[PDB]
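Taking it in order: structure first as structure tokens, then the write-up.
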Protein chains: 2
Amino acid sequence: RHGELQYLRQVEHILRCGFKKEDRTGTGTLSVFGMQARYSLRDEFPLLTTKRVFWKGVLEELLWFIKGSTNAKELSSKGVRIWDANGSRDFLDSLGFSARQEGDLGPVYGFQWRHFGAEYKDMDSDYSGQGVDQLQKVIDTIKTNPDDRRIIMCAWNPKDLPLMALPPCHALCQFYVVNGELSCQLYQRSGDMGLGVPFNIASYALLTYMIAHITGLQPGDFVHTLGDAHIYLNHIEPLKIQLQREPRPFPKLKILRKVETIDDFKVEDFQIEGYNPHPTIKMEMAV
Amino acid sequence: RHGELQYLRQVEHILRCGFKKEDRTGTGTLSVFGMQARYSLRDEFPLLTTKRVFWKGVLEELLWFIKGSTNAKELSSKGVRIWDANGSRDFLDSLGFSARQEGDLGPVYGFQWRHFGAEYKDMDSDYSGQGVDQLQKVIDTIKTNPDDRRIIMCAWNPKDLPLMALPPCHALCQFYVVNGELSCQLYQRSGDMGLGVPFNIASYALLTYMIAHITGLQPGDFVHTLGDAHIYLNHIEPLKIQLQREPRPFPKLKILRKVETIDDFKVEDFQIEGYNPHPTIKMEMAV
Ligand SMILES: CN(C[C@H]1CNc2[nH]c(N)nc(=O)c2N1)c1ccc(C(=O)N[C@@H](CCC(=O)O)C(=O)O)cc1
Ligand SMILES: CN(C[C@H]1CNc2[nH]c(N)nc(=O)c2N1)c1ccc(C(=O)N[C@@H](CCC(=O)O)C(=O)O)cc1
Ligand SMILES: O=c1nc(NO)ccn1[C@H]1C[C@H](O)[C@@H](COP(=O)(O)O)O1
Ligand SMILES: O=c1nc(NO)ccn1[C@H]1C[C@H](O)[C@@H](COP(=O)(O)O)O1
């Protein structure tokens with residue numbers, strides 16, 4: 001069965017059985033608490049086909065995470081503005097971060113992934129050798145003890161939450177190895193089904209491909225687990241259109257060079273093959 | 001429609017479709033990565049009936065968590081020995097904790113729930129006002145902003161892992177409110193289907209009941225999410241006996257007085273009603 005039907009059944013389930021629920025943005029949602037889907041990574045890549053996904057944004061964002069950046073400007077210069085609103089002067093001031101330079105998202109993914117527990121100052125501070133490099137520790141463990149049931153990268157950092165422009169939606173992920181296959185499970189505390197979720201699925205599918213390549217393993221499964229899975233009210237019509245389209249076979253992901261360390265990946269090393277999505281569907285971002 | 005069928009279906013799924021997988025204890029397992037079940041908390045309590053669950057241990061352990069204890073002795077004195085091995089002189093030394101008193105589990109659940117980010121010294125240290133009191137913060141947010149999609153309690157603390165006798169199996173949990181009902185999702189990175197999982201299900205169902213009480217809400221769902229869900233090889237025959245038993249209706253949990261703060265709950269304030277499970281099934285703990 002086509003993996004994308006799981007995403008579609010979830011959207012359908014929220015539309016039929018979800019409850020109306022207010023939210024921080026004042027937009028309102030239809031919401032379900034607790035969902036799980038499994039996307040095979042074996043000779044296919046779960047880039048959704050019922051709408052075109054901004055794949056370039058996914059790849060640049062992840063490389064930006066990996067090099068430890070929490071500066072939206074360093075991502076916007078690549079032509080990816082998905083974090084620009086959250087780092088804007090007006091939104092930062094909206095949370096009391098008046099002394100903060102524009103673009104500074106606070107101690108979010110890049111900082112927690114490479115520097116968990118270090119003392120956060122500025123997005124451009126030097127943090128070399130500070131905190132826990134969870135990304136490299138996950139990589140080292142997969143190589144030396146693939147049976148380990150503790151292979152976790154955690155972005156949720158209660159001590160640092162008050163400094164984040166947006167507390168991470170992807171609280172943590174866990175990796176798992178059996179039969180030479182590398183699987184990943186993401187715990188997403190909050191999922192915008194129309195905008196973020198398709199993006200996030202591709203993001204962690206890519207991360208698994210990158211780490212599988214670095215560790216000499218094959219991609220297995222990506223398990224997507226949701227807390228508050230919601231459809232914003234102004235996404236109902238677009239998503240009702242999207243459910244009527246039929247999915248096309250998932251594209252493939254090719255890695256064009258042999259890479260030795262996670263840090264050496266560059267955009268040019270990746271190529272999506274056979275991606276024939278339905279047209280884009282515009283959906284406004286609740287801020 | 002009996003909630004326990006979900007647990008029995010998962011055990012069956014691992015027995016049928018799980019993979020052989022080596023593990024830290026050297027026992028070996030049949031393993032599946034990524035599972036989810038939903039246990040209703042509405043006028044029933046998911047204490048499994050196809051074998052007797054050690055309800056006293058569930059209750060004492062949670063009260064021991066809530067008051068912030070990391071002292072296995074303080075639990076063993078109540079006649080609950082589930083953590084004694086992990087605090088034993090020999091197991092501590094097996095991890096290099098030669099200077100530590102017996103019973104000192106390190107910065108595990110109780111400390112992370114009440115003092116996340118504090119500098120751990122010994123089990124007996126005074127930590128009042130140090131670190132983030134995630135437990136009380138969860139309660140405060142549920143009362144003042146029940147729509148919040150960030151109601152999380154996280155025990156996974158990458159900076160403290162090297163000090164823990166056992167890194168937590170319950171990495172984090174999230175709370176959710178809709179329609180006057182309080183729900184909880186547990187992310188459990190590793191699940192011993194035979195021993196811990198039935199216990200753990202009761203534990204977070206109980207935690208949800210306690211918080212629903214102090215927040216003036218009704219219990220909703222407990223969503224149980226597993227990473228490495230496994231059956232130890234020496235639990236297969238015991239579990240195959242359990243799978244042939246048919247569930248009895250779940251008991252009820254009563255809270256016998258109005259309690260105002262999570263810290264004021266006491267063992268005597270709880271009563272399990274109508275619990276007549278099938279006989280106990282002996283299953284050795286892989287250590
Ligand atoms: C992960 N992420 C970061 C967070 C930031 N805030 C936010 N707020 C809300 N309420 N829902 C969300 O999910 C997100 N996502 C994304 C943000 C925006 C997009 C996005 O804007 N996608 C467009 C394309 C944009 C473009 O092409 O430049 C689309 O596919 O329709 C994608 C991810
Ligand atoms: C959550 N938990 C803590 C962890 C500790 N280590 C561990 N190791 C393994 N490999 N599987 C597990 O799951 C657990 N569980 C429990 C630990 C032990 C038990 C237990 O076995 N108690 C006995 C004594 C009680 C009595 O006799 O009445 C019993 O249930 O019969 C139950 C939960
Ligand atoms: O779905 C999302 N994926 C993200 N990846 O980085 C980031 C955000 N979101 C969604 C989740 C919420 O709809 C919203 C975050 O708001 P919050 O749950 O109140 O924190 O954006
Ligand atoms: O299922 C469990 N529930 C627990 N609650 O506190 C604690 C432990 N376990 C199980 C999971 C593993 O079989 C084992 C822990 O070993 P580890 O996953 O290698 O850390 O005990």
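Indexing begins at 1, ligand by ligand and atom by atom, following the structure's order. By convention in this document, chain letters (A, B, ...) are assigned in the order of the sequence lines, proteins followed by strands, and residues within each chain are numbered from 1.
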Value rounded to 0.5 Å, distance of NZ in B:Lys51 from CD in B:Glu4: 10.5 Å

Atom pair OH (B:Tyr176) and CD1 (B:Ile151), whose distance is rounded to the nearest 0.5 Å: 10.5 Å

For [X], the ligand 1 atoms whose distance to one of its heavy atoms is below 4.0 Å:
X        : result
A:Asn86  : 5 (C), 6 (N)
A:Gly196 : 13 (O)
A:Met285 : 5 (C), 6 (N), 7 (C), 8 (N), 9 (C), 14 (C)

For atom 2 (N) of ligand 2, the option (of B:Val80, B:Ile82, B:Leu195) bearing the nearest heavy atom: B:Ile82

Best match, B:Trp83, B:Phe199, B:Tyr232: closest heavy atom to atom 5 (C) of ligand 2: B:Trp83

Is [X] reaching over with its side chain to a backbone N or O of [Y], donor-acceptor style, under 3.5 angstrom?
X        : Y        : answer
A:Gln185 : B:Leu226 : yes
A:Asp23  : A:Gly28  : yes
B:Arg89  : B:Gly103 : no
B:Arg150 : A:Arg189 : no

For [X], take its heavy atoms, then give the atoms of ligand 3 lying under 4.0 Å from any of them.
X        : value
A:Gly191 : 1 (O)
A:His230 : 12 (C), 13 (O)
A:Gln188 : 1 (O), 2 (C), 3 (N)
A:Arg189 : 17 (P), 18 (O), 20 (O)
A:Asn200 : 1 (O), 2 (C), 3 (N), 4 (C), 5 (N)

Parallel, tilted or perpendicular: ring planes of A:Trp113 versus A:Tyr204, cut at 30 and 60 degrees: perpendicular

Aromatic ring proximity A:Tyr109/A:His170, centre distance under 6.0 Å: yes

Check: A:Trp55 ring centroid to A:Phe45 ring centroid under 6.0 Å: yes

Sidechain N-carboxylate O distance under 4.0 Å for [X], [Y]:
X        : Y        : result
A:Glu12  : A:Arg9   : no
B:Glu22  : B:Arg24  : no
B:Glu74  : B:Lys67  : yes
A:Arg100 : A:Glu102 : no
A:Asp228 : A:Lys21  : yes

Ligand 3 contacted by A:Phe199 (non-hydrogen, < 4.0 Å): no

Where ligand 2 meets B:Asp192 - atom numbers and elements under 4.0 angstrom, heavy-atom basis: 9 (C), 10 (N), 11 (N), 12 (C), 13 (O)

Ligand-residue contact atoms, ligand 2 with B:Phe54, heavy atoms, under 4.0 Å: 25 (C), 28 (O)

Heavy atom of protein inside 4.0 Å of atom 27 (O) of ligand 2, strictly below: no

Closer than 4.0 Å: a protein non-hydrogen atom to atom 11 (N) of ligand 2: yes

Distance-only N or O hit between ligand 3 and A:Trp83, under 3.5 Å: no

Ligand 3 N/O within reach of A:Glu61 N/O, cut-off under 3.5 Å: no

To check your reading of the model: name the closest protein heavy atom to [atom], its residue, and the distance in Å.
atom                    : result
atom 11 (C) of ligand 3 : A:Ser190 OG, 3.3 Å
atom 9 (N) of ligand 3  : A:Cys169 SG, 3.4 Å
atom 16 (O) of ligand 3 : A:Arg24 NH2, 2.9 Å
atom 6 (O) of ligand 3  : A:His170 CE1, 3.3 Å
atom 10 (C) of ligand 3 : A:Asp192 CB, 3.7 Å

Non-hydrogen atom of B:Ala286 closer than 4.0 Å to ligand 2: yes

Which segment of A:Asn200 sits under 4.0 Å of ligand 1 when only heavy atoms are counted: side chain

